[PDB]
Amino acid sequence: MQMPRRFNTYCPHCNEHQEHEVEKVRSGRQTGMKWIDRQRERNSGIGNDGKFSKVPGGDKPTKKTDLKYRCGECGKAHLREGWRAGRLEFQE
Amino acid sequence: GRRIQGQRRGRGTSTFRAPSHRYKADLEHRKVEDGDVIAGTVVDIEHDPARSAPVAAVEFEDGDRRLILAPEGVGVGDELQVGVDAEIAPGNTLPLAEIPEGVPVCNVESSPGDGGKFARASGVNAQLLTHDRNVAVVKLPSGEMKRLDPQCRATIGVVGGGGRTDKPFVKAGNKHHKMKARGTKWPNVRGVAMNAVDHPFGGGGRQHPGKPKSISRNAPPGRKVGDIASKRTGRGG
Amino acid sequence: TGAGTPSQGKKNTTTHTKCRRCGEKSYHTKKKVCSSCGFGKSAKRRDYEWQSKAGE
Amino acid sequence: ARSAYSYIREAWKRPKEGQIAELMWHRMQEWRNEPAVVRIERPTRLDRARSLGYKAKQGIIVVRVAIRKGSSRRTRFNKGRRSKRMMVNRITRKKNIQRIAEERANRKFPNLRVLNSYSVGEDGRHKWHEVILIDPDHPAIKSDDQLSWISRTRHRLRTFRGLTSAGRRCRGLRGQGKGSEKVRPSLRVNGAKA
RNA sequence: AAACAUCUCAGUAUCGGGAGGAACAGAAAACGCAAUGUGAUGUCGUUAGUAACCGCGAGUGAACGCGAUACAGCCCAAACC
RNA sequence: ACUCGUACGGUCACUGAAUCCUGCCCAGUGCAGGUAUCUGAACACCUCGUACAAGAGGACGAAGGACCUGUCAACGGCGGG
RNA sequence: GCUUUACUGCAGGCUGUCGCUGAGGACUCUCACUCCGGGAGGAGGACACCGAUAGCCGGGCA
Ligand SMILES: [Cl-]
Ligand SMILES: [Cl-]
Ligand SMILES: [Cl-]
Ligand SMILES: [Cl-]
Ligand SMILES: [K+]
Ligand SMILES: [Mg+2]
Ligand SMILES: [Mg+2]
Ligand SMILES: [Mg+2]
Ligand SMILES: [Mg+2]
Ligand SMILES: [Mg+2]
Ligand SMILES: [Mg+2]
Ligand SMILES: [Mg+2]
Ligand SMILES: [Mg+2]
Ligand SMILES: [Mg+2]
Ligand SMILES: [Mg+2]
Ligand SMILES: [Mg+2]
Ligand SMILES: [Mg+2]
Ligand SMILES: [Mg+2]
Ligand SMILES: [Mg+2]
Ligand SMILES: [Mg+2]
Ligand SMILES: [Mg+2]
Ligand SMILES: [Mg+2]
Ligand SMILES: [Mg+2]
Ligand code: NA
Ligand code: NA
Ligand code: NA
Ligand code: NA
Ligand code: NA
Ligand code: NA
Ligand code: NA
Ligand code: NA
Ligand code: NA
Ligand code: NA
Ligand code: NA
């Protein structure tokens, strides 16, 4: 489906309607220093590694919208519920 | 499954051992201080139970009596010599350096003084091709060109008993008698005639190997069977 | 040949005999080892924890 | 001023440097041709020995023991095992090489008792330790107010029960506080969890 | 664990080596109710199924302290001879 | 162990005396050889990060794989129109 | 019990790296180390073996 790149809507920070800019959430890079990372190293040994011997689940036929709504005046973004969309293209 | 036959072998149990206690001598070139003066006289010709080939009994000047890997053409009364200055006649042993190129040789040492390792079976021989101060090039019976220290000793002539392979065994019984004199388990049951538990080719409603017969060099024992690291198979091409 | 009664006839071989060290008819005269006390194999006396129940 | 001993110690801080480096390169050649347990007239590291209790006295013995380097020389399982227990290559013994060395020396001298031991280097596949043993039956030791304690019956076979130097450290008894909950007073009394 | 792989059964069963009448531990490179505080070590009661671990599932699981029992503190290496 | 053995050896397999014979297929799988380029781990090395460290990234690149080739008395195949 | 391109692992083989290990992306040497020789000495040589680790193969086995 199509979606405007910018549009007026409620900003939970400003607490009033303002022009927001919509962007798809780009994945953040992992640091490899989280607790789970240390547990993987610690707990992996001889034989099966329990949970750490498992591999990548799979895919749902269509994913939900994963977006960031950025306020055009205070610059602070907020997140919203996503909805299933085979494709999402922005207008302008 | 169970260990395959090739694995039972390594344990060295009675069934797989050679009847060593029944063997005569460990054929090795005599040790000479130097000078070559060492000579002896052939006193008798005997059968070697470990090689199905003749062997010669020799009495050496200094009293030593030892069996020798006999080349063809050696008989009672003959005088054999071992040393750098040994004459160049069949039955004598001397370093590849003192040997004239183009002469057939047998019982060649791998490294000077090891007593002989190459070309020792019935009727075979090595071929001294090239000389040098550093390398003596010999062509082994397999056809390979081997570079050896010219100091490696050898015996002039071809090994006695040539042509043994020319006669067929004809019957199981004859193989039997020969096999009894070797460190080998015989007869041989085909893998494909066994059960899956006993061999990788075992099992099935009819006889055929499960997978392809060419097995990798890296296969572990118990699985390395069939055509080992075959560069090719069949006859075509 | 039946593995039962008919095969029992060739049993005239002496193996286990009265042991010099413990007195039991367990000294295997072929192996020169007592299966009861360990004589011939061990200076220490043969004994195992499984010869009795675990907590006893 | 510095004791002469302090120089032996200083040299051994860096066994791959200076003169000692060359001695080792020399010595090991002969050591590699020696047996598992060799009694030596004098300790290679005199300062070390005296520091551990060694005395140039009757009934005091020193011996160098060779032990292979590496992990456990382990046989693979011959019956059912869950993956976690199918291991072979990475399994290592819970007793350190120095301790193995002390036991081997002690068995060679059934009547003597281990006092202490120390390292004297290693090559690519051996590790060498010199063990100091004591004759608890020789007067001179029975009359020595510093070693006589080892003559007590309670001390028969000290090494085999981990009452040794390396024995106690290897048992996790070094610390008196945090970390020694499953260690003191003994590994067995704590259910064998350290 | 209602299957099962880590986990659990369990450092259990069993095996190898060895001491004593009891073993072992033990005079802090401790503790860390953080203190102007405690003062070797076992053990018992408690702290507490707490902190901690764990397909964060099922399960697993201390310690400091406190109240008791009994109390005990010393010898080398080296410096200088 | 084979082996008091050494290619006329002995190991590993298939077929199963003699006689007449044993066609076509290397795409898949297996084995083996080669390989410009691509891919390919760790150590050491370079960059960023951290007064250190975790960590992120780069350069180099072994066997192996991609790719090419040989091979069916190697696994096996030999149809529809 | 058995099978395999089922899941997960474990031996074993191949290969890089570190230690043993030394002198002057290709090279010489000798002193460790290895093998041959009764010895003298010869071959090989910082490789190989062995210890550690990393990648690939891995129903041979659990
Ligand atoms: Cl989206
Ligand atoms: Cl034959
Ligand atoms: Cl002792
Ligand atoms: Cl306190
Ligand atoms: K289990
Ligand atoms: Mg694992
Ligand atoms: Mg021989
Ligand atoms: Mg034939
Ligand atoms: Mg006949
Ligand atoms: Mg036989
Ligand atoms: Mg057959
Ligand atoms: Mg059948
Ligand atoms: Mg099988
Ligand atoms: Mg058939
Ligand atoms: Mg067939
Ligand atoms: Mg029966
Ligand atoms: Mg106790
Ligand atoms: Mg269950
Ligand atoms: Mg569950
Ligand atoms: Mg537990
Ligand atoms: Mg505490
Ligand atoms: Mg040798
Ligand atoms: Mg299975
Ligand atoms: Na851990
Ligand atoms: Na089959
Ligand atoms: Na002793
Ligand atoms: Na522990
Ligand atoms: Na259940
Ligand atoms: Na079940
Ligand atoms: Na778990
Ligand atoms: Na209080
Ligand atoms: Na093909
Ligand atoms: Na092919
Ligand atoms: Na069954």
Side-chain angles (χ1 to χ4, degrees), chain A residues 29 31-33 43 47-54, chain B residues 1 6 9-12 16-18 20 23-27 31 50-51 111-114 117-124 140-142 149 151 161-165 183-184 190-192 196-197 201 203 209 211-237, chain C residues 48-50 54, chain D residues 1 3 5-6 25 29 50-51 53 68-70 76-77 80-84 86-88 123-125 145-146 153-154 156-157 160-161 173 175-178 181 184-186 189 191-193:
Chain A
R29 203 159 212 175
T31 64
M33 292 176 275
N43 293 17
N48 185 79
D49 297 331
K51 64 174 285 173
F52 300 112
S53 284
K54 293 182 180 180
Chain B
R9 271 187 79 227
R11 301 183 63 255
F16 306 95
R17 270 185 258 137
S20 300
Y23 285 169
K24 294 185 183 179
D26 174 308
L27 311 170
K31 304 167 187 176
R51 315 195 305 98
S111 95
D114 64 35
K117 307 282 191 193
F118 310 118
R120 332 211 329 163
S122 291
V124 303
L140 303 179
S142 75
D149 190 303
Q151 210 49 46
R164 186 188 51 202
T165 284
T184 294
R190 286 134 46 234
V192 162
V197 67
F201 291 177
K211 309 174 190 162
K213 302 187 304 177
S214 299
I215 190 75
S216 159
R217 244 286 128 55
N218 307 320
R223 180 188 178 196
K224 185 175 290 178
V225 301
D227 312 318
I228 302 172
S230 65
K231 304 183 199 70
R232 61 159 297 153
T233 58
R235 319 188 85 196
Chain C
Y48 299 95
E49 292 299 313
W50 47 258
Chain D
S3 70
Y5 302 119
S6 76
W25 185 86
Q29 293 184 50
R50 291 184 66 77
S51 190
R68 88 294 183 278
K69 290 168 65 183
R76 182 164 177 291
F77 62 95
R81 239 45 143 217
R82 58 196 187 88
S83 77
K84 228 290 193 190
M86 284 195 221
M87 8 146 257
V88 171
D123 58 17
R125 55 177 176 177
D145 289 308
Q146 318 189 305
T153 291
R154 287 168 159 194
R156 295 188 185 182
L157 304 148
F160 303 110
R161 300 182 282 127
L173 294 164
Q176 292 188 75
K178 193 205 306 171
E181 301 79 1
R184 184 168 304 95
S186 75
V189 69
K193 305 177 186 177

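Proteins get letters first, then strands, A, B, ... in listed order; numbering begins at 1 in each. No hydrogens, no waters, no symmetry mates; every other heavy atom, side chains included, goes into these values.
Residue-to-nucleotide proximity on RNA chain F shows that, of B:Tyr23 and B:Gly6, the 5′-proximal contact is made by B:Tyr23. Remark on RNA chain G: of its neighbouring residues B:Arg217 and B:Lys211, the 5'-side contact belongs to B:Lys211, judged by nearest-heavy-atom nucleotide. Mapped onto RNA chain G by nearest heavy atom, B:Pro112 and B:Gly1 fall at different nucleotides, with B:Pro112 at the one closer to the 5' end. Heavy-atom nearest nucleotides on RNA chain F were determined for B:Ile215 and for B:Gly237, and the one closer to the 5' end corresponds to B:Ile215.
Checked by distance alone, A:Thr31 brings no side-chain donor or acceptor within 3.5 Å of a matching partner on the base of F:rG55. For a distance-only test at 3.5 Å, the side chain of B:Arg51 fails to qualify as a donor-acceptor partner of the base of F:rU3.
A 3.5 Å limit on both hydrogen-bonding distances identifies G:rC50 as the Watson-Crick or G-U partner of G:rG19. A 3.5 Å limit on both hydrogen-bonding distances identifies E:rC4 as the Watson-Crick or G-U partner of E:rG55. Base pairing analysis places G:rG44 opposite G:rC33; the two distances defining the Watson-Crick or G-U wobble pair are each below 3.5 Å. Base pairing of G:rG25: no nucleotide in any strand meets the Watson-Crick or G-U wobble criterion (both distances under 3.5 Å). A 3.5 Å limit on both hydrogen-bonding distances identifies no Watson-Crick or G-U partner for G:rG59. Using Watson-Crick or G-U wobble geometry with both donor-acceptor distances under 3.5 Å, E:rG16 finds no partner in any strand shown. The partner of E:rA68 is E:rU43, by the rule that a Watson-Crick or G-U pair needs both atom distances under 3.5 Å.
Nucleotides F:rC31 and F:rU37 have their P atoms positioned 27 Å apart, rounded to a whole Å. Rounded to a whole angstrom, the distance from the P atom of F:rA62 to that of F:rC26 is 33 Å. E:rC9 and E:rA68 have their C1' atoms separated by 36 Å, given to the nearest Å. Spacing of P atoms, E:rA63 relative to E:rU43, comes out at 10 Å, to the nearest Å. G:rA46 and G:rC61 are spaced 38 Å apart, taking the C1' atom of each and rounding to whole Å. Taking atom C1' in both E:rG11 and G:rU5, one finds a spacing of 40 Å when rounded to whole Å.
Separating the CE atom of D:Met86 from the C1' atom of G:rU8 is a distance of 9 Å, rounded to the nearest angstrom. Counting to the nearest Å, the P atom of F:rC48 and the CZ atom of A:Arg29 are 17 Å from each other. In this structure, B:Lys213 atom NZ and F:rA13 atom P are separated by 11 Å, rounded to whole Å. Atom CG of A:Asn43 is separated from atom P of E:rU6 by 13 Å (rounded to the nearest Å). Between the NZ atom of D:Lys84 and the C1' atom of E:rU6 there is a distance of 9 Å, given to the nearest Å.
The side chain of B:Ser20 places an N or O atom within less than 4.0 Å of a non-bridging phosphate oxygen (OP1 or OP2) of F:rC4. Within the 4.0 Å cut-off from OP1 or OP2 of G:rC61, not a single side-chain nitrogen or oxygen of D:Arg81 is found. Under 4.0 angstrom from either OP1 or OP2 of E:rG26 there lies at least one side-chain N or O belonging to D:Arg184. An OP1 or OP2 oxygen of F:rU11 is reached within less than 4.0 angstrom by a side-chain nitrogen or oxygen of B:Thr184. Close to E:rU6, at under 4.0 Å from its OP1 or OP2, lies a side-chain N or O of D:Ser83. Considering only side-chain N and O atoms, D:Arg154 lies under 4.0 angstrom from the phosphate OP1 or OP2 of E:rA23. An OP1 or OP2 oxygen of E:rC64 is reached within less than 4.0 angstrom by no side-chain nitrogen or oxygen of D:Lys178. Side-chain N/O atoms of B:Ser230 include none lying less than 4.0 angstrom from OP1 or OP2 on F:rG30. The shortest distance between the side-chain N/O atoms of D:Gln176 and the OP1/OP2 oxygens of E:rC31 is not below 4.0 Å.
B:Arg164 comes within 4.0 angstrom of a base, heavy atoms only. Note on B:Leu27: only backbone sugar-phosphate atoms sit closer than 4.0 angstrom, heavy atoms only; bases stay farther off. Nucleic acid contact class of A:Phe52 (heavy atoms, under 4.0 Å, all strands): none. Within 4.0 Å (heavy atoms only), B:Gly162 reaches at least one base atom of the nucleic acid. The residue B:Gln151 sits apart from the nucleic acid: no heavy atom pair falls under 4.0 Å.
In the set G:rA32, G:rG12, G:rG9, G:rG9 carries the atom at the smallest distance from any side-chain atom of D:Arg76. Among the nucleotides F:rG9, F:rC12, G:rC2, the one closest to any side-chain atom of B:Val225 is F:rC12.
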Under a cut-off of 3.5 Å for both distances of each Watson-Crick or G-U pair, what dot-bracket string does RNA chain F give, using [ ] for crossing pairs and | for inter-strand pairs?
......................(((..(((((((..(((.....((((......)))).....))))))))..)))))...

